[PDB]
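For reference, the structure is listed below as C-alpha cells.
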Amino acid sequence: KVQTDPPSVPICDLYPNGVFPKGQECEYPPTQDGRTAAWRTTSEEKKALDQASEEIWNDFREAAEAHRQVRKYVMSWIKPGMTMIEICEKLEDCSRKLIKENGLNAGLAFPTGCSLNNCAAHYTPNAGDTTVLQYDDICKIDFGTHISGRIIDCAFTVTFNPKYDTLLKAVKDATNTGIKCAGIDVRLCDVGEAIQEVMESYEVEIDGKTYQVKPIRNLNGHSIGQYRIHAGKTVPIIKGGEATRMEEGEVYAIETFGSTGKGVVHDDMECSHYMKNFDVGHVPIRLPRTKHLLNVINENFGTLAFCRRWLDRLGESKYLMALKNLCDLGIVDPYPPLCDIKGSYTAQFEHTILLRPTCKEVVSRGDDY
Ligand SMILES: Cc1ccc(NS(=O)(=O)c2ccccc2)c(C(=O)O)c1
Ligand SMILES: [Mn+2]
Ligand SMILES: [Mn+2]
C-alpha cells in the first residue's frame with residue numbers, strides 16, 4: 001500500500017493510521033540530589049498525563065515530519081546564483097504541499113527566514129527584491145509548519161564556503177547544549193548560561209581574522225503556544241537572564257545565534273514580517289482598505305506571522321498604507337530584520353522540544369541536525 005514519497009505527498013497521506021513518528025526522546029536531566037528522570041519515563045501517573053495530550057504531541061510530530069522532509073529537500077538544491085525569492089517560493093511551495101495546507105487548520109506557521117550574513121533573523125524578501133545568494137553568504141533558513149496551531153519552529157544555517165565551518169559547529173553545539181540542559185523545573189537562566197559557556201569555548205578564523213564566537217545577547221529561544229509563536233517565556237542565550245523555570249507540558253523553541261560582530265542585533269532594512277497582536281481583541285474598523293486587509297489577515301493568518309509576499313499571492317495590491325494603519329493601531333506588529341554590525345557573520349540552529357510528562361522530546365530532530 002506504498003506510494004510516492006518525493007516532495008509532493010502530504011505527510012498525512014504517508015501515515016494511514018494517523019500516527020506520526022516521534023522525535024528524539026531524552027530522559028530529563030538530573031538535579032542536585034542526582035534525581036534522575038528514569039522513574040518519570042514510565043510513571044503510571046505521568047504516562048496518563050502524557051497520553052492525555054497524545055493528540056497534541058501527534059500534531060507537532062506531523063508538522064515536524066513535514067519540516068524534516070522540506071528541509072532535506074531544500075539542502076539538496078539551495079545554491080548561490082538563486083535569488084532569495086526563488087529560494088523561499090520553492091521551499092514554501094513544498095512546505096504547503098507536505099503540510100497539506102488547509103486554512104488555519106494546517107499550513108505555514110511563519111514566513112521563510114533566509115537572513116544573510118550579519119543579519120541573523122526575520123529577513124525574507126518582499127516583491128521586487130533582487131538579492132542573489134552568494135558563495136560566501138551565510139544564510140539562516142528558518143521556517144515553520146503547524147497542524148492545528150501546534151507550531152514547529154526549526155532552523156539551520158546554509159553555507160558554501162568551508163571557512164564558516166567552525167562558526168556553524170559552535171552554534172550547533174550551543175543549541176544542542178541548550179536542548180540537553182532544558183527540562184522540567186530547569187531555570188531558564190541556567191540554560192542561557194550553559195549555552196554561552198559552550199558557544200564561547202569556540203574560537204574561529206575567517207579570512208585571516210580570529211574571533212571568539214559570541215552569542216547574540218538580545219536574541220533568544222521562547223515558549224510556544226497554540227497559534228502563538230512566542231507564548232511568553234524566553235530562553236536567554238547568555239548568562240544573567242530569566243529567573244523562571246520551565247514547566248511540564250510546555251513547548252519550547254531552543255535556538256542560539258552566534259556572531260563575529262558585537263553579539264547584538266538591531267532593526268535594519270525593509271520590513272517583511274508582520275503578526276497580529278495575540279492580545280488585541282476585535283476592533284471595529286470603518287476605513288475600507290484597512291478593514292479589508294484586517295479581514296484578510298484574520299481569515300488567512302489569525303495570530304500566525306505572515307509576510308508581504310503572502311499578501312501578494314492572495315491577490316492583495318496597494319495594501320502598504322492599510323498595513324501601516326494596522327501597525328499604528330497596535331493591531332498588527334512589525335518584525336523587521338535583526339542584524340549585527342556590517343561585516344559580521346551570524347549563524348543559527350533551532351529545534352522545537354516538547355516537555356512531556358514522561359520525557360523531553362526534541363520533536364524536530366532529524367538525521368541532518
Ligand atoms: C514573528 C515572530 C515573533 C516572535 C518570535 N520569537 S522571539 O521573539 O523569541 C525571537 C527569536 C529569535 C529571533 C528573533 C525573535 C519569532 C521567532 O521565533 O523568530 C517570530
Ligand atoms: Mn525560528
Ligand atoms: Mn524561534
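Each chain in the C-alpha cells gets a letter, A, B and so on, in the order shown; residues start at 1 in every chain, and ligands are counted from 1 in the order they appear.
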For residue 153 (chain A), please output as a PyMOL selection string all residues within 8 Å (counting only C-alpha atoms; exclusion window: fewer than 6 positions along the same chain).
chain A and resi 142-145+229+253+350-352
File dump, residues just selected, C-alpha atoms, as a CSV table (one decimal), in the first residue's frame:
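Everything below was put into again-v2.csv:
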chain,number,residue,atom,x,y,z
A,142,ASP,CA,14.2,29.4,9.5
A,143,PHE,CA,10.8,28.2,8.5
A,144,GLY,CA,7.8,26.8,10.3
A,145,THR,CA,4.9,24.4,9.9
A,229,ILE,CA,5.0,31.5,18.2
A,253,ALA,CA,11.9,26.8,20.6
A,350,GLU,CA,17.0,25.8,16.3
A,351,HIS,CA,14.7,22.9,17.4
A,352,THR,CA,11.3,22.7,19.0
Neighbours of residue 124 (chain A) within 9 Å (only C-alpha atoms; same-chain residues fewer than 2 positions away dropped), as a list in words?
residues 84, 85, 88, 111, 112, 113, 114, 115, 121, 122, 126, 271, 272, 273, 307, 309 and 337 of chain A
Keeping N, CA and C atoms for every residue in the selection just given, could you write it to a file as a CSV table (one decimal), in the first residue's frame?
chain,number,residue,atom,x,y,z
A,84,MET,N,16.8,35.1,-3.6
A,84,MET,CA,16.2,34.8,-2.3
A,84,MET,C,14.7,34.5,-2.5
A,85,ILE,N,14.1,35.2,-3.4
A,85,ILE,CA,12.7,34.9,-3.7
A,85,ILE,C,12.5,33.5,-4.3
A,88,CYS,N,12.8,31.0,-1.4
A,88,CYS,CA,11.7,30.9,-0.5
A,88,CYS,C,10.4,30.4,-1.1
A,111,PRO,N,6.7,33.1,7.9
A,111,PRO,CA,7.5,33.3,6.7
A,111,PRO,C,8.8,32.6,6.8
A,112,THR,N,9.3,32.3,5.6
A,112,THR,CA,10.6,31.6,5.5
A,112,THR,C,11.8,32.6,5.7
A,113,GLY,N,12.4,32.5,6.8
A,113,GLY,CA,13.5,33.4,7.1
A,113,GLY,C,14.7,32.9,6.3
A,114,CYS,N,15.5,33.8,5.7
A,114,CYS,CA,16.7,33.4,4.9
A,114,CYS,C,17.7,34.5,5.1
A,115,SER,N,17.8,35.0,6.4
A,115,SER,CA,18.7,36.1,6.7
A,115,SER,C,20.1,35.8,6.4
A,121,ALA,N,18.1,37.2,11.7
A,121,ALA,CA,16.7,36.7,11.6
A,121,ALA,C,15.8,37.7,11.1
A,122,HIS,N,14.6,37.2,10.8
A,122,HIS,CA,13.5,38.0,10.3
A,122,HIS,C,13.6,38.7,8.9
A,126,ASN,N,10.7,40.7,-0.1
A,126,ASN,CA,9.4,41.3,-0.4
A,126,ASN,C,9.4,41.3,-1.9
A,271,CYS,N,11.0,46.1,6.2
A,271,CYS,CA,10.3,45.1,7.0
A,271,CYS,C,9.5,44.2,6.1
A,272,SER,N,9.4,42.9,6.4
A,272,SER,CA,8.7,41.9,5.6
A,272,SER,C,7.8,41.0,6.5
A,273,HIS,N,8.2,40.8,7.7
A,273,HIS,CA,7.4,40.0,8.7
A,273,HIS,C,6.4,40.9,9.5
A,307,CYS,N,4.0,37.5,5.8
A,307,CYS,CA,4.9,38.4,5.2
A,307,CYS,C,4.2,39.1,4.0
A,309,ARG,N,4.9,39.0,0.8
A,309,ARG,CA,4.7,38.1,-0.3
A,309,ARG,C,3.5,37.2,-0.2
A,337,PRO,N,14.0,42.9,10.0
A,337,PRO,CA,15.2,42.0,10.1
A,337,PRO,C,16.0,42.5,11.3
Taking only C-alpha atoms and all ligand atoms into account, report as a VMD selection string which residues have an atom no farther than 9 Å from an atom of ligand 1.
chain A and resid 110 to 111 113 120 to 122 142 to 143 153 to 154 218 to 224 228 to 235 253 255 to 257 273 to 275 304 to 306 333 to 335 337 to 338
Selection to disk with N, CA and C atoms, as a short mmCIF file (atom, residue, chain, number, x, y, z; two decimals), in the first residue's frame:
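Dumped to again.cif:
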data_model
loop_
_atom_site.label_atom_id
_atom_site.label_comp_id
_atom_site.auth_asym_id
_atom_site.auth_seq_id
_atom_site.Cartn_x
_atom_site.Cartn_y
_atom_site.Cartn_z
N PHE A 110 4.95 30.46 9.84
CA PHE A 110 5.51 31.79 9.68
C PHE A 110 6.33 31.85 8.40
N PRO A 111 6.68 33.07 7.94
CA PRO A 111 7.46 33.27 6.72
C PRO A 111 8.83 32.61 6.77
N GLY A 113 12.41 32.51 6.83
CA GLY A 113 13.55 33.37 7.09
C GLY A 113 14.73 32.87 6.28
N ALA A 120 20.74 38.19 11.25
CA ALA A 120 20.51 36.92 11.92
C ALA A 120 19.11 36.35 11.81
N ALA A 121 18.11 37.22 11.71
CA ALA A 121 16.74 36.74 11.65
C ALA A 121 15.76 37.74 11.07
N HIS A 122 14.58 37.21 10.78
CA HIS A 122 13.45 37.96 10.27
C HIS A 122 13.56 38.66 8.93
N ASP A 142 15.08 29.59 8.29
CA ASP A 142 14.22 29.42 9.45
C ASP A 142 12.77 29.43 8.99
N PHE A 143 12.14 28.26 8.96
CA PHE A 143 10.76 28.20 8.51
C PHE A 143 9.93 27.35 9.46
N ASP A 153 9.04 25.32 15.13
CA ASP A 153 9.95 26.40 14.81
C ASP A 153 11.32 25.73 14.81
N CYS A 154 11.89 25.56 13.62
CA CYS A 154 13.16 24.86 13.48
C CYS A 154 14.01 25.55 12.42
N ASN A 218 20.72 39.77 22.67
CA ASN A 218 19.31 40.18 22.66
C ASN A 218 18.43 39.32 21.77
N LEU A 219 18.91 38.11 21.49
CA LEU A 219 18.14 37.14 20.71
C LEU A 219 17.96 35.98 21.68
N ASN A 220 16.97 35.13 21.45
CA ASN A 220 16.73 34.04 22.39
C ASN A 220 15.70 33.03 21.92
N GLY A 221 15.57 31.97 22.71
CA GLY A 221 14.59 30.94 22.44
C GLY A 221 13.30 31.39 23.10
N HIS A 222 12.25 30.58 23.04
CA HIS A 222 10.99 31.02 23.62
C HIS A 222 9.99 29.89 23.75
N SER A 223 9.04 30.06 24.66
CA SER A 223 8.00 29.06 24.83
C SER A 223 7.07 29.24 23.64
N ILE A 224 6.33 28.19 23.30
CA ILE A 224 5.42 28.22 22.17
C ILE A 224 4.00 27.86 22.60
N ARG A 228 0.54 30.65 18.73
CA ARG A 228 1.33 31.72 19.35
C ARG A 228 2.81 31.36 19.38
N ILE A 229 3.54 31.80 18.35
CA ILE A 229 4.97 31.52 18.23
C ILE A 229 5.75 31.87 19.50
N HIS A 230 5.39 32.97 20.16
CA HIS A 230 6.07 33.34 21.40
C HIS A 230 5.01 33.47 22.48
N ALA A 231 4.81 32.38 23.22
CA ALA A 231 3.81 32.31 24.27
C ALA A 231 4.05 33.19 25.49
N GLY A 232 5.30 33.55 25.76
CA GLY A 232 5.55 34.40 26.91
C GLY A 232 6.90 34.24 27.59
N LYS A 233 7.37 33.01 27.75
CA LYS A 233 8.66 32.78 28.40
C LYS A 233 9.77 32.84 27.36
N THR A 234 10.93 33.35 27.77
CA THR A 234 12.05 33.46 26.86
C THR A 234 13.24 32.64 27.36
N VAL A 235 13.97 32.04 26.43
CA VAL A 235 15.15 31.25 26.76
C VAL A 235 16.36 32.09 26.32
N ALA A 253 11.09 26.62 21.80
CA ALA A 253 11.90 26.76 20.61
C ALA A 253 13.27 27.03 21.20
N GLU A 255 16.78 27.88 20.42
CA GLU A 255 17.62 28.38 19.35
C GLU A 255 18.75 29.21 19.92
N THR A 256 19.87 29.21 19.22
CA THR A 256 21.00 30.01 19.65
C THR A 256 21.54 30.66 18.39
N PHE A 257 22.12 31.84 18.58
CA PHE A 257 22.70 32.61 17.48
C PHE A 257 24.11 32.97 17.90
N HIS A 273 8.17 40.83 7.73
CA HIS A 273 7.39 40.02 8.67
C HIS A 273 6.43 40.86 9.50
N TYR A 274 5.21 40.35 9.67
CA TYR A 274 4.17 41.03 10.45
C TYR A 274 3.38 39.96 11.18
N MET A 275 2.73 40.34 12.27
CA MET A 275 1.93 39.40 13.03
C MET A 275 0.94 40.13 13.93
N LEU A 304 -0.98 33.98 13.51
CA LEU A 304 0.27 33.44 12.96
C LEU A 304 0.95 34.54 12.14
N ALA A 305 2.28 34.56 12.15
CA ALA A 305 3.02 35.58 11.40
C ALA A 305 2.88 35.36 9.89
N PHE A 306 2.97 36.45 9.14
CA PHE A 306 2.88 36.40 7.69
C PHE A 306 3.87 37.42 7.11
N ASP A 333 1.80 43.89 14.58
CA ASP A 333 3.13 44.33 14.95
C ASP A 333 4.13 43.98 13.86
N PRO A 334 5.02 44.93 13.53
CA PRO A 334 6.02 44.68 12.50
C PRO A 334 7.22 44.00 13.16
N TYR A 335 7.87 43.10 12.42
CA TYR A 335 9.04 42.38 12.91
C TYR A 335 10.12 42.50 11.84
N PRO A 337 13.98 42.87 10.01
CA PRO A 337 15.18 42.04 10.08
C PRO A 337 16.03 42.51 11.26
N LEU A 338 16.66 41.55 11.94
CA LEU A 338 17.51 41.82 13.10
C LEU A 338 18.94 41.49 12.68
#
Just list the residues in region 149-364 of chain A DSSP gives helix (DSSP H, G or I) on the backbone, as a ChimeraX atom specification.
/A:162-181,188-199,288-300,308-312,320-328
Dump as a PDB file, in the first residue's frame, selection limited to C-alpha atoms:
ATOM      1  CA  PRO A 162      34.096  25.929   4.440  1.00  0.00           C
ATOM      2  CA  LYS A 163      35.604  28.971   6.158  1.00  0.00           C
ATOM      3  CA  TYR A 164      32.430  29.213   8.275  1.00  0.00           C
ATOM      4  CA  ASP A 165      32.519  25.555   9.366  1.00  0.00           C
ATOM      5  CA  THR A 166      33.728  26.130  12.922  1.00  0.00           C
ATOM      6  CA  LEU A 167      31.293  29.008  13.424  1.00  0.00           C
ATOM      7  CA  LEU A 168      28.418  26.708  12.445  1.00  0.00           C
ATOM      8  CA  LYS A 169      29.780  23.941  14.655  1.00  0.00           C
ATOM      9  CA  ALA A 170      29.939  26.348  17.592  1.00  0.00           C
ATOM     10  CA  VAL A 171      26.312  27.406  17.239  1.00  0.00           C
ATOM     11  CA  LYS A 172      25.113  23.867  16.562  1.00  0.00           C
ATOM     12  CA  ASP A 173      26.912  22.651  19.701  1.00  0.00           C
ATOM     13  CA  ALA A 174      25.492  25.591  21.671  1.00  0.00           C
ATOM     14  CA  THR A 175      21.971  24.771  20.548  1.00  0.00           C
ATOM     15  CA  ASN A 176      22.361  21.092  21.408  1.00  0.00           C
ATOM     16  CA  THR A 177      23.704  22.118  24.830  1.00  0.00           C
ATOM     17  CA  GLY A 178      20.611  24.236  25.379  1.00  0.00           C
ATOM     18  CA  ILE A 179      18.468  21.298  24.301  1.00  0.00           C
ATOM     19  CA  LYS A 180      20.279  18.966  26.705  1.00  0.00           C
ATOM     20  CA  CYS A 181      20.048  21.400  29.637  1.00  0.00           C
ATOM     21  CA  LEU A 188      15.800  29.448  32.128  1.00  0.00           C
ATOM     22  CA  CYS A 189      18.855  31.424  33.236  1.00  0.00           C
ATOM     23  CA  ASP A 190      20.790  28.184  33.719  1.00  0.00           C
ATOM     24  CA  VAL A 191      20.031  27.153  30.152  1.00  0.00           C
ATOM     25  CA  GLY A 192      21.316  30.507  28.932  1.00  0.00           C
ATOM     26  CA  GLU A 193      24.494  30.313  30.994  1.00  0.00           C
ATOM     27  CA  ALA A 194      25.145  26.774  29.752  1.00  0.00           C
ATOM     28  CA  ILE A 195      24.609  27.877  26.155  1.00  0.00           C
ATOM     29  CA  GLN A 196      27.006  30.827  26.459  1.00  0.00           C
ATOM     30  CA  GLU A 197      29.719  28.673  28.018  1.00  0.00           C
ATOM     31  CA  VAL A 198      29.756  26.235  25.103  1.00  0.00           C
ATOM     32  CA  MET A 199      29.338  28.965  22.493  1.00  0.00           C
ATOM     33  CA  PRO A 288     -12.384  50.390   3.717  1.00  0.00           C
ATOM     34  CA  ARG A 289      -8.889  49.263   2.708  1.00  0.00           C
ATOM     35  CA  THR A 290      -7.704  48.851   6.294  1.00  0.00           C
ATOM     36  CA  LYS A 291     -10.879  46.958   7.175  1.00  0.00           C
ATOM     37  CA  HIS A 292     -10.479  44.592   4.233  1.00  0.00           C
ATOM     38  CA  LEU A 293      -6.819  43.867   4.962  1.00  0.00           C
ATOM     39  CA  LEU A 294      -7.545  43.078   8.606  1.00  0.00           C
ATOM     40  CA  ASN A 295     -10.265  40.687   7.479  1.00  0.00           C
ATOM     41  CA  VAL A 296      -7.864  39.048   5.031  1.00  0.00           C
ATOM     42  CA  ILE A 297      -5.314  38.709   7.811  1.00  0.00           C
ATOM     43  CA  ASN A 298      -7.843  37.220  10.243  1.00  0.00           C
ATOM     44  CA  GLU A 299      -9.111  34.728   7.672  1.00  0.00           C
ATOM     45  CA  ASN A 300      -5.711  33.607   6.412  1.00  0.00           C
ATOM     46  CA  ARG A 308       4.137  40.807   2.269  1.00  0.00           C
ATOM     47  CA  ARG A 309       4.724  38.084  -0.322  1.00  0.00           C
ATOM     48  CA  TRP A 310       1.894  36.107   1.243  1.00  0.00           C
ATOM     49  CA  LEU A 311      -0.423  39.086   0.852  1.00  0.00           C
ATOM     50  CA  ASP A 312       0.626  39.464  -2.794  1.00  0.00           C
ATOM     51  CA  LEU A 320       1.059  49.078   2.361  1.00  0.00           C
ATOM     52  CA  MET A 321      -0.765  52.032   3.910  1.00  0.00           C
ATOM     53  CA  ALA A 322      -3.524  49.776   5.278  1.00  0.00           C
ATOM     54  CA  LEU A 323      -0.836  47.545   6.759  1.00  0.00           C
ATOM     55  CA  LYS A 324       0.836  50.604   8.276  1.00  0.00           C
ATOM     56  CA  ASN A 325      -2.509  51.670   9.764  1.00  0.00           C
ATOM     57  CA  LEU A 326      -2.958  48.295  11.444  1.00  0.00           C
ATOM     58  CA  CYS A 327       0.548  48.550  12.864  1.00  0.00           C
ATOM     59  CA  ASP A 328      -0.007  52.109  14.092  1.00  0.00           C
TER      60      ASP A 328
END
Contacts of region 52-61 of chain A at 10 Å or less, counting only C-alpha atoms, minus same-chain residues fewer than 6 places along, as JSON, numbers by chain?
{"A": [18, 19, 20, 21, 22, 23, 46, 67, 106, 145, 146, 147, 148, 149, 150, 151, 152, 226, 249, 251, 352, 353, 354, 356, 357, 361, 362, 363, 364]}
Non-local contacts of residue 68 (chain A) (9 Å; only C-alpha atoms; under 2 positions in same chain excluded) as a ChimeraX atom specification
/A:63-66,70-73,364-368
